[PDB]
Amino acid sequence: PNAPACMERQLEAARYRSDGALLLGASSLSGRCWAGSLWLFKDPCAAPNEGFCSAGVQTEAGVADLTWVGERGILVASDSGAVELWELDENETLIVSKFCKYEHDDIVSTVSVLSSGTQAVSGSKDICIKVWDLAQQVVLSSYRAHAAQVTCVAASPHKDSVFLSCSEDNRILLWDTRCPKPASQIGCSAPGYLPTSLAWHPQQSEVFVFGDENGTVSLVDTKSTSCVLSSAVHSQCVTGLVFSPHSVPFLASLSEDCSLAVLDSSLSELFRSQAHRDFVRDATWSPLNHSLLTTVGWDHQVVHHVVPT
C-alpha cells in the first residue's frame, strides 16, 4: 500500500487520535540499517502487520519520540538531531514530510505539542530545549537550563505556554514562557532517583506525575509544592506515564521491567500486564471505548489490553 516492505523491530511509540486510528513509530535499533518509519492503522487490531496498513512512510533515522499535530500531522523526534513534521494527504494514504530542521546537536529524545497546537517543545541529549513554530519551520527559543541530557518534555494541557521537563541532572523544571526566568525547579526531588517520565493530569492544571529510574511513581501538586504521594510501581526505569481519557482518569505506567501497570488516583494498583517480552515504550488509550489501552514494545507486539475498570 505505497509503504515499505517490512517495518523495524523496535516499536517506540503508539498514539491514538480522535477518530480511533492508531499511529505507530518504529526504529531499527539493531542490525545493518539504523533508520525508522511512521505508520497509520485505521484498524487497531492489524497494527503489527505492515501489509494491512492505511499509510506508511520511512524516515532517515530512528524515531526516538513522536506526537500528533492536529489530526493529520505527526511531529517526529529523530535520531539525526532533527525534529520532523509529516502530514497525511487528503486521502490519508501517503505520509509526506512538511519540514526537517536540524537544530539539536544530539539525539532529539522527546517532543510534545502544546495546547495551542501551533507550537511544540522538544528535548534532546544536547541538554537544550527548543520552542518550535510549526508554521514557519523555525525555532522560537533556545533554552539551555539543564546540565544533563533531557529525558522527557510534557506540554501542559489548556496552557499554551507551560510545560514540564526532566533531565538526568536530577532536575524537574516547570516552564512558563511568560516569566522572565521561564524555568522553575521542583525541590521535592532533592535526593530523588533521577526522573524519567512526566504526565500532566488532564483535569487539573497543577497536578502531574513523574517516574523515576528506581520504578517509583509519584504525583505532585505543583502549586503547593507539598509532599508528594509515592508508590513503588515497577522495578526498572519508568519509561512513560499516561492518563486515561476518563472523567476520573486512571494512571497507566510503563517501565523497562517489561510490565504495564494501571493506577488510580491514590496510585493504588488495578492491573498489570506481563504480556510484553521486551521493553514497553508507549501507551495510548482508545478514545472509541475507554477500557481499551494499547501498548507497544521492542518485542514488536501491540497488545490491546482490556482495562478492568
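The term rigid core refers to the maximal set of C-alpha atoms that superpose within 1.5 Å between the two forms. Each residue number is its position in the shown sequence, starting from 1.
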* Structure fact -> Core-superposed comparison in 6 other deposited structures of this protein: bigger Cα RMS shift among 198-206 and 179-187 is in 179-187
* Structure fact -> in 6 other deposited structures of this protein, with the rigid core superposed, the stretch whose C-alphas stray more from the shown form, 228-236 or 211-219, is 228-236
* If you average the Cα B factors in the entry, which is higher, 187-195 or 125-133? -> 187-195
* Asked: So which stretch wins on mean C-alpha B-factor, 42-50 or 24-32?
  -> 42-50
* To do: Tell me, please, which of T225, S161, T151, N214 has the highest C-alpha B factor according to the deposited entry?
  => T225
* Asked: From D169, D106, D89, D176, pick the one with the largest CA B-factor in the entry?
  -> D89
* Asked: Mind checking which third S18 falls in for C-alpha B-factor across the chain?
  -> highest
* **Relative C-alpha B-factor of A55, binned into the chain's lowest, middle or highest third** => highest
* Sort the modelled residues of this chain by their C-alpha B factor and say whether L66 lands in the lowest, middle or highest third. => middle
* Tell me, lowest, middle or highest third: where does the Cα B factor of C237 rank within its chain? => lowest
* **Lowest, middle or highest third - CA B-factor, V220** => highest
